[PDB]
């Protein structure tokens, strides 16, 4: 506890899976968390599971006007952002032969386009010395059947952590990417066979790695790709 004491965190995709596990860990570490998603019922249930120091905000990150509304609320309730975890994303499998323009747009709108504007519109509220975490994926460095657009989109996310390291260094804002392997979320058994640790990861394990990047334990860590995959991409 106390490892994020009194810090204000915004987590997109915070109503399920990894974002929710991270929201819980952040609150346990003393932070106040805004969880962001499109479904209000799931946001309300997630916020109830978190139990304290949480505000749920309905927002589609692909809509600029929803991001403006999100940050107006953050400005009303807390006034600034210390930690931003841009975790909203979705995987849809299509082979190259199968790719449609709509499939391409759905993948890049949420994973890249919405991520760019999520971070852009947080800049006025981000405090100097803050920490931004981007969700990439092991897919960003692999050649996975039928993951064409998702893998390419997550590779784009990792690149943005590099560029934003350079652009935000004057404000001492650190930007790092986390690249999860197989995590037991709503997003089968071969992932456990291909991973040295021999199992899929738990969402709490990804939350703990994101906590490292959000916390002062990583104060000299900038621009990296932190693989949290039980060794999958490393051997």
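Numbering follows the first chain given and starts at 1.
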Fill in the blank from the handout: As the entry stands, the deposited residues without coordinates between residue 187 and residue 188 add up to 10 or more
Fill in the blank from the handout: Mean B factor on CA atoms, stretches 141-149 and 91-99, record says higher is 91-99
Completion exercise
Higher avg CA temperature factor (155-163 vs 122-130, as deposited) belongs to 122-130
Handout entry: Residue of maximum C-alpha B factor among 33, 210, 193, 175, per deposited coordinates
Key = 193
Completion exercise
Chain-relative C-alpha B factor for residue 111 (record values, thirds): the middle
Fill in the blank from the handout: residue 19: CA temperature factor from the record, placed by chain third, in the middle
Exercise for the section: Pull the Cα B-factor of residue 74 out of the PDB entry and bin it into the chain's lowest, middle or highest third. Expected result: highest
Exercise for the section: Would you check the entry's CA temperature factor for residue 55 and let me know if it's in the chain's lowest, middle or highest third? Expected result: middle
Exercise for the section: Using the B-factor values recorded in the entry, state whether the Cα atom of residue 37 falls in the lowest, middle or highest third among the modelled residues of its chain. Expected result: middle
